[PDB]
Each structure stands twice: as structure tokens, then as C-alpha cells.
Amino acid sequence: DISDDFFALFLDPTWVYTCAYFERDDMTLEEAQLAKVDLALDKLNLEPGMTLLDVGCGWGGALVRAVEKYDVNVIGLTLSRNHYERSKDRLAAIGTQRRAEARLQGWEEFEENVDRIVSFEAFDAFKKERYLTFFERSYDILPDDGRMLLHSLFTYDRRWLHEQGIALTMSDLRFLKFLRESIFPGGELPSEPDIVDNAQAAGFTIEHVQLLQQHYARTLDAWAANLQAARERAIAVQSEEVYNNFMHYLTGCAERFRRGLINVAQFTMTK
């Protein structure tokens, strides 16, 4: 229900809407988003001509980067029409002899063999009842030496937080309720075991876990700063209610990454 024109006011030109990676401290938002995509794609050991699946591809930035820098064939899946349309157009506009396609299709319906899989903050949009099924499907469509890079948010429970010196406040519970009752992610995040245990049961080895908690804090701060700087135009595209809701989500989430209440990581998964 939120127009691309609203998101365009605060995202960088890649349209990437997930945790960036400030590999160098002076990177711009765009450089840090490309660095996050490259950080993940480098872990897949892509050779030109391989086929990469991006599960939950958003507006196509990682797919475009994969084609341009890694010279791979690409398939992107999304359930959002707006994500599909922009991904479709952007991929068609790349000059490449490779196959590059976006699809309005869920991973549940995708059964084609691919060489490698990437996914950036789609897994939290899956129902917990599909966590194992997702890893089983991913394992099935990969070759014997296949690799998956799962970039996913995840949460911590009260006990673990407490052991780390962190408490959930009444305000945090209200913020979680706000997330669930909104168009924003973070309401029903998986735990780390939800990711690791189900991946391992499907047959994957967790070769590496790279946490990006403080990179997300910085990313969210940048989105919030951009949106506030374009407040009038954002209100015109949507409304003051929506603008304030987004600022609440962006700054509230940034605060909570800094505090350590949740995390985001890249899981390198091998067969």
C-alpha cells in the first residue's frame, strides 16, 4: 500500500531495503549496500554462468549486482507486485547475454535446479511452520556442492537477553505490538535456533555466521535521516500518519539494534 515513490525518498539507488555493510567507515549508503550484497555473494563462490536464485528479491538490487559484477544468470522470487515490477524492469535494462528473470512466485512453488541461493531478510516473512520446509526445498534444488547465503534477522528471548545484561522494557513490548500491527517487519522474528537447527536438519552445514547488528543500527539511522530530510515530499506521497509511522519504525528499530535486543546475520550454509 506504500508507493515506491515513498521508499525512493529514503533508499539509495540500489533500492536495497535490508541491513547494509559499512565495510569501510566512510562508505556512502549505496556503497555499503553493494558491500553487503558483495559480502554475501563472495561467500557463494560464484563463477560466471552459474545460476543464482534470490529468494525474496525486493526491488532487484542484489539481482542486478549479481549480473553486473559476478556475470551470473539470475532468478529472483517475490510475492510483492511492486517488487516484481521494478526487478523485472531493472533486469531487462541490464545489457547481458545471461538469463535474468524476476518472478511473482513464492519459493514454495519454485522447484528448478539452481547452483547457489541467496536471500536477504525474507526468512522472517515466512511462517514458522515453513522454516524446515524452506531449508528442505533449498537443499533439494542445490547441487551436491551447492551453497546458500541466508541473511536473516533473528531475535533473542528474555533469558538469553538477561544473561547478556539486557532487559525488555514495557516500551519494547509496545514497540513489538506496533510492529505486528503495521506493515513493518520484526513482529514475528525467528530465533537463531529456528534458523540453525532447521537448516542442519535439512542437511546443511553452517560454515560461518557473520553478525551485522551495529551495521543495521547505522543503516536504520541513515534511512531515518534521509526520510526526515524529505519529510514534506514523503507526506505528499503518503501522509503525515505514514511518515510518522515510518520514522517510529526506523528510529525504534535502530535503537533496539544498538541495545542488542535483536540481531541480523549472514549464515553461510553448505552441503
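Sequential numbering from 1, following the sequence displayed.
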{"item": "Higher-B stretch (mean Cα B-factor, as the entry records it), 146-154 or 179-187", "value": "179-187"}
{"item": "Mean C-alpha B-factor comparison - 164-172 and 116-124, higher one", "value": "164-172"}
{"item": "Which of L39, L52, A202, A234 ranks first by CA B-factor in the deposited coordinates", "value": "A202"}
{"item": "Residue with highest C-alpha B-factor in the PDB entry, from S87, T78, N198, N73", "value": "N198"}
{"item": "Record-listed C-alpha B factor of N244: chain third", "value": "lowest"}
{"item": "Chain thirds of CA B-factor: placement of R103", "value": "middle"}
{"item": "Third of chain Cα B-factors occupied by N45", "value": "highest"}
{"item": "CA B-factor placement of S3, once the chain's modelled residues are sorted into thirds", "value": "middle"}
{"item": "Cα B factor band for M27 (lowest, middle or highest third within the chain)", "value": "highest"}
